[PDB]
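K.L.:
Next up is a structure, given as structure tokens.
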Amino acid sequence: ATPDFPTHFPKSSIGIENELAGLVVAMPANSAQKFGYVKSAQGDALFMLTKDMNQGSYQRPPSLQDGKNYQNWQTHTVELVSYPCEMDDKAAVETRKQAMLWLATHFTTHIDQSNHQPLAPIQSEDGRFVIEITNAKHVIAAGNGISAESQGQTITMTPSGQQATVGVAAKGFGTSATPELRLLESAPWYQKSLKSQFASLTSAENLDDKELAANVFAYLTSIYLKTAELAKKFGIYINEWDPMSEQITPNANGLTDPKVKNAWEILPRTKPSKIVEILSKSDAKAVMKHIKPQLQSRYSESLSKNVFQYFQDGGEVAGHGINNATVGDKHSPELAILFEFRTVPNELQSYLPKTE
Ligand SMILES: Nc1ncnc2c1ncn2[C@@H]1O[C@H](COP(=O)(O)OP(=O)(O)O)[C@@H](O)[C@H]1O
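Following this line, the structure appears as structure tokens:
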């Protein structure tokens, strides 16, 4: 049983994703994504061992026949997914990077002497790291997993395979209070001007928290407007909106299509409707009522109604989100909203392991 991610952090949090080159994991079809994890000797969970990109069906090399059933087994690339930690926790960030680099050296030895065999639950030579295997029905093989023997590969990581995920208190988005917030607010889809715009529309209104209301408005409006922009750009079917009704040819499979996700650059990972919870029933009604016209002044009635309704009923920006993450006091937890850096920017490069 792989431990679930911790959901609570006192302040801003960081998670890292790292797709490996030089090997594959082969497993039965419809297998769980997680097959193991690496923890410290003290028991702290550092990262998960996951299958990532499907590379086709697995064919056991004839010279490695072992009387075992490998029927319908699929081959996938490996991705190392960290357990989130506090962004300012240097020790936690460093242990994750070192633990990933150690596992790469272990994999390099494994494809050399135990090619086409499962990873065994072992402790590192220095005692720092422990592998726990949660799905024994797997094998690790060099390159593409077609040949019985490797090409003497050194298992590496690379920025092309790297992502970072940052969690921040929802109430902080638009305040620019910290360098994380300012980095997130630099997302091209985020329109800061919408804050002062909300203020102008709501002068006669007695708002419970007008500055929080303006922050939520700018955040949600920015997401809604970008979704519409992307739906028009890529010809995405949103709710009942048909891109072909507006002579737009579909050129993506949906919101979760890698190219649509890449177009966000800083991808929201939390369900937009969750942010309404940080406001009073009254302030939320005020924020929500002002969103429709921002869509309707830039997009058709159909695209505007459909994007608005989609996010109202709990629609996700790009598939299942991270919606149970929290910040602040453990006893009175506040909503955390998460963002995926599709490409790791220079400001976040220090959180990522670098093959020596
Ligand atoms: N509270 C959090 N703060 C920051 N990052 C988080 C948090 N919870 C999860 N993440 C991160 O989310 C990233 C990947 O999310 P994941 O659900 O596994 O991706 P996907 O489902 O799209 O394959 C990891 O880097 C992980 O650490």
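Quick note on numbering: the entry's author numbering labels position 13 of the sequence shown as 12, and the sequence is numbered without any gaps. Where a beta carbon is used, it is the ideal one built from N, C-alpha and C, also for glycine.
Quick check on the burial criterion: 16 or more other C-beta atoms within 10 angstroms. Buried or exposed for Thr325?
P.N.:
Its Cβ being crowded by 16 or more others within 10 Å, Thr325 is buried.
K.L.:
Fully enclosed by the stretch 251-304, which beta strand (DSSP E) runs are 3 residues long or longer?
P.N.:
For the stretch 251-304, whole beta strand (DSSP E) runs of length 3 or above, ordered along the chain, are 265-267.
K.L.:
Looking at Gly14 and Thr164, is the spacing between their C-beta atoms short of 8 Å?
P.N.:
Contact flag set, yes.
K.L.:
Going by Cα to Cα distance, which pick from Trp101, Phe216, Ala28 and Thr49 is closest to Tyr69?
P.N.:
Closest option to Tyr69, Cα to Cα, is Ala28.
K.L.:
List the endpoints of the continuous beta strand (DSSP E) containing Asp51.
P.N.:
Per DSSP, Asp51 belongs to the beta strand (DSSP E) from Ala44 to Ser56.
K.L.:
In whole angstroms, what separates the C-alpha of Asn252 from that of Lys260?
P.N.:
When rounded, the distance between both Cα atoms is 11 Å.
K.L.:
Quick check: is any heavy atom of ligand 1 less than 7 Å from the C-beta of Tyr82?
P.N.:
True, at least one ligand heavy atom lies under 7 Å from that Cβ.
K.L.:
Can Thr74 and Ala25 be called in contact, C-beta distance under 8 Å?
P.N.:
Cβ atoms of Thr74 and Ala25: closer than 8 Å.
K.L.:
On the DSSP bridge assignment, give the partners of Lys329 in chain order.
P.N.:
DSSP, once it has assigned bridges, lists no residue as partnering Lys329.
K.L.:
In the structure shown, what three-state DSSP assignment does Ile237 receive?
P.N.:
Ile237 falls in the strand class under three-state DSSP.
K.L.:
CA-CA distance, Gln295 and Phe106?
P.N.:
For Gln295 and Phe106, the distance between alpha carbons rounds to 54 Å.
K.L.:
Confirm the yes/no value for this check: CB of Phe4, any heavy atom of ligand 2, distance under 7 Å.
P.N.:
Although ligand 2 was asked about, the structure shown includes only ligand 1 as ligands.
K.L.:
Could you tell me how far apart the beta carbons of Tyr36 and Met47 are, in whole angstroms, since I believe they sit closer than 8 Å?
P.N.:
Confirmed, Cβ separation roughly 5 Å.
K.L.:
Just reading off the beta strand (DSSP E) that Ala141 is part of, what are its end residues?
P.N.:
Where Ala141 is concerned, the enclosing beta strand (DSSP E) stretches over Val138 to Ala141.
K.L.:
Could you tell me the distance, in whole angstroms, from the CA atom of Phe233 to the CA atom of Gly66?
P.N.:
Each residue's Cα considered, the two are about 49 Å apart.
K.L.:
Assuming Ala91 is part of the alpha helix (DSSP H), what are its boundary residues?
P.N.:
Here the alpha helix (DSSP H) through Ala91 covers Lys89 to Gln112.
K.L.:
Count the CB pairs spanning the stretch 102-120 and the stretch 128-145 that are closer than 8 Å, and state whether there are at least three.
P.N.:
At 8 Å Cβ cutoff, the stretches touch.
K.L.:
Per DSSP, which one or two residues make a beta bridge with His115?
P.N.:
Its beta-bridge partners do not exist; DSSP assigns none.
K.L.:
Counting beta carbon pairs with one atom in the stretch 167-187 and one in the stretch 121-136, are three or more of them shorter than 8 Å?
P.N.:
With the cut-off at 8 Å, the stretch 121-136 and the stretch 167-187 do not touch.
K.L.:
Taking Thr155 as the reference, give the member of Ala103, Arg341 and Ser39 with the closest Cα.
P.N.:
Of the listed residues, the one whose Cα sits closest to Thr155 is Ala103.
K.L.:
Grab me the residues of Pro332's own chain with a C-beta within less than 8 Å of its C-beta, minus the 5 sequence neighbours each way, in chain order.
P.N.:
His7, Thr325 and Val326.
K.L.:
Under DSSP, the alpha helix (DSSP H) around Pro178 begins and ends at which residues?
P.N.:
Start and end: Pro178 to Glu184.
K.L.:
Taking DSSP as the reference, what is the three-state secondary structure of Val306?
P.N.:
Residue state, collapsed to three classes: helix.
K.L.:
Who are the near neighbours of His289 in its chain, counting only those whose CB is closer than 6 Å to its CB and skipping five residues on each side?
P.N.:
If we look at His289 and ignore the five residues flanking it on each side, its Cβ neighbours are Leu200.
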